[PDB]
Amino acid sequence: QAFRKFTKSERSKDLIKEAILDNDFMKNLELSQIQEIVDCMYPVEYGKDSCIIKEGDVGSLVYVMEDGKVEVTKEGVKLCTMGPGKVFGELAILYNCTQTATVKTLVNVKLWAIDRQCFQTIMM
């Protein structure tokens, strides 16, 4: 039952909650689960032109964008761009499978990540 609270700003808590409630796979979580996810999220930064996750890789974190923009690609096609308040990486963890798409930064990016063990603890 791995878990750890990371102290963060009120704006960041609101951003994580908005991202959860905006995603069809996550938006029906109980309030207690939403808060546990908020608490277990920790900050990560990736410089511009950096792959966050690559298609075909095993999942390790669930990500919520905080600042900057990422491009999601598959088979060399831009699927979309993702800015603040968007979740990604949850499917690989929820369905214990590899990443369907690559996510690469277009500019310097800040995001919130939750370790798969903590996400698994909360979903249980």
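Residue indices: 1-based, along the sequence shown.
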Query raised in the report: Mean CA B-factor: is it higher for 38-46 or for 91-99?
Result: 91-99
**Report entry** Given 81-89 and 53-61, the range whose Cα B-factors average higher in the PDB entry
**Finding:** 53-61
Query raised in the report: Lowest, middle or highest third of the chain for the C-alpha temperature factor of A113?
Result: lowest
Query - CA B-factor placement of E66, once the chain's modelled residues are sorted into thirds - result: lowest
Query raised in the report: Among the modelled residues of its chain, does the C-alpha B-factor of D14 lie in the lowest, middle or highest third?
Result: lowest
